[PDB]
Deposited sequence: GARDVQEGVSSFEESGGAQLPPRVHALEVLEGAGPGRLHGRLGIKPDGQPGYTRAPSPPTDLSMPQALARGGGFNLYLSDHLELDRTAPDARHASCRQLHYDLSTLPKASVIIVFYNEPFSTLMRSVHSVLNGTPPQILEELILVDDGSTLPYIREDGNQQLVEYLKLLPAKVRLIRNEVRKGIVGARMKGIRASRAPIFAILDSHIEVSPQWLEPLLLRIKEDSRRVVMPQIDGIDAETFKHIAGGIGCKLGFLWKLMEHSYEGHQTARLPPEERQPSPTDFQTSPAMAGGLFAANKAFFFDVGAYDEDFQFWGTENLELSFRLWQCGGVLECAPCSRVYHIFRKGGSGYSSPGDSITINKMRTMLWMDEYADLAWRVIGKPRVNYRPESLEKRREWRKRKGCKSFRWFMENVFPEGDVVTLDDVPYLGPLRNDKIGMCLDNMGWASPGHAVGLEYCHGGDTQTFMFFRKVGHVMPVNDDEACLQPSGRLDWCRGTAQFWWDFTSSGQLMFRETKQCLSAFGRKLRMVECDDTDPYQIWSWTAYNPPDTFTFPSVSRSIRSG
């Protein structure tokens, strides 16, 4: 309700925030948490973080500068940089974390480059937010710059629907999407604006540091810039063996270099608004949460965009511990498979061949849009954007199906635990997903189809896949599973899994494995009719 900045200075570029006319803070900080606080409870009561502590900490909390020293040697001309609209969507975000995020942005963003701060209430039900509530939020916003504007979805629409509401309400040539439980490092916005100014086709995302949900300590982010994806359709940081496949000039980049990434971690990024809509914005038939980051990543790269990571733009993020819709996660994965072309056959089988209502009629309009825009193929994506992946073409998956030993008339069985850490069994073949395995030849990995993170080991037991010799298997021309490092072979003798000297005359070590020969085109599965 007031656009003035009284008290502006370093660490508080928008002036003293949230001060009442009488010079008192517009909210009552909480006392120190009780000494007998039961943490697993508070987390379950606080929606994934310790709210007793969050309420006690100041909204103007000072954070360590997580940037590399060389990031501070950079110069920005705030007069020539374009303005940006910061968007924070939230559903029932507690007052302390939400307002600390707002305070962090205003305190650490020069007013010259910040057009506005848009808060999107995605149908919250907490009394402190509701239109028919106690009005705490609305009352407190009057104590912040007029830049801050609140808009609401009368019904919770989800991440996509909520972000679209905010993006549409923005003015700046650039918008920046942030979480509702964050704290920024210094000069977080300047690098993003300069990068997008030079080329509006770039979608740039800050690097994400951590705030401990239990202690709220500031933690350095350990994630590199480059993110791949798993065939379960979730982003996955480049592993050691994947980083080694990069061009030698990109394996150890400077801490100030902007680095491309095939995929986006979450939803913290900046983009030119015009280009964002021309490249398809979001798929608004996505439901609530899940996979929209990968769908955007695939579409962006294929349809003329660039996804980059800015190590000099850092934002802290509270990762939940204590925790806190129907069919939404599976639907979003099916819709994302549109952009995977023939590779969708592999992803479809990995997530269990679901038969859901993915809104086919709407997905077909999205297919028409993809055609008109002239987007490139997923094969192009794998070969040019993510060529470091273990599966660049489907020929990299030569086998997919049961691993059957004819001698004992049984098949390998993950025993209902596709998670790493458990023993693999021998059971009578029934053709279900629990008994199908696939082979990634680039790494010699034997994995259950429902989890490309679990790998068979000579111990006869599953463990987390690593691109090393500890998980490298060869499937001989005679049907043997040979562990390359020890040059031994896996046997089913006595309905037990043991490693034995290789000998193709021993029928107990001869396995059959269905060849994987998927079609040139993935035909989506038919859909049927509170």
message: Give me the ranges of the deposited sequence that have no CA atoms here, in sequence order.
response: 1-25, 350-353, 559-562
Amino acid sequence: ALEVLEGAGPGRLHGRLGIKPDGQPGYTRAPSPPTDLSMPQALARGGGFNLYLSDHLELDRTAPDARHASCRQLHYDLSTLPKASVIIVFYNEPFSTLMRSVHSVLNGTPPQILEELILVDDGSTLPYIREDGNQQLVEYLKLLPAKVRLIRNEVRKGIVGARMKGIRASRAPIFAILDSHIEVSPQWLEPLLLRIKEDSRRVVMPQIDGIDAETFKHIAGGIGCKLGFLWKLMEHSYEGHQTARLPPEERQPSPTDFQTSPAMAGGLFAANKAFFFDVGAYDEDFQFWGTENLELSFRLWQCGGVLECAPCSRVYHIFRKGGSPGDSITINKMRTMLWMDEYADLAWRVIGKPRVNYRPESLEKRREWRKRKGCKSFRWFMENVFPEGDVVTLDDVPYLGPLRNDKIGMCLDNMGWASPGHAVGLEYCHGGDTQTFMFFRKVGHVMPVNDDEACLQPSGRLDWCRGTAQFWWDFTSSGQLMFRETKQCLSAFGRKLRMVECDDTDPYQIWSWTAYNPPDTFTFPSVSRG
From here on, numbers count along this sequence of modelled residues.
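The term rigid core refers to the most C-alpha atoms you can superpose between the two forms while keeping them within 1.5 Å.
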Greatest C-alpha divergence in 7 other deposited structures of this protein once each structure is fitted on the rigid core, 35-43 or 495-503: 35-43
Stretch departing more from the displayed form, 412-420 or 328-336, Cα RMS in 7 other deposited structures of this protein (core fit): 412-420
- prompt: In at least one third of the other PDB entries compared, is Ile223 left unmodelled?
  reply: yes
statement: The stretch carrying the higher mean Cα B factor in the deposited entry, 135-143 or 204-212, is 135-143
- line: Ranked by mean Cα B-factor in the entry, 349-357 and 315-323, top stretch is 315-323
statement: Top Cα B-factor in this entry, restricted to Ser377, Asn293, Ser237, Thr125, sits on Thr125
- prompt: From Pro262, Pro191, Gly416, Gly401, which pick has the Cα B-factor that tops the rest in the entry?
  reply: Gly416
- request: Determine, from the deposited record, the chain-internal third of the Cα B-factor for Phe90: lowest, middle or highest.
  value: middle
message: Sorting by Cα B-factor within the chain, modelled residues only, which third would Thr256 end up in: lowest, middle or highest?
response: highest
message: When the deposited Cα B-factors of this chain's modelled residues are ordered and cut into thirds, is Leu227 in the lowest, the middle or the highest one?
response: lowest
message: Splitting the chain's C-alpha B-factors into thirds, which one does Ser328 fall into?
response: highest
query: Within this chain, which third does the Cα B-factor at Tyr27 fall in: lowest, middle or highest?
result: highest
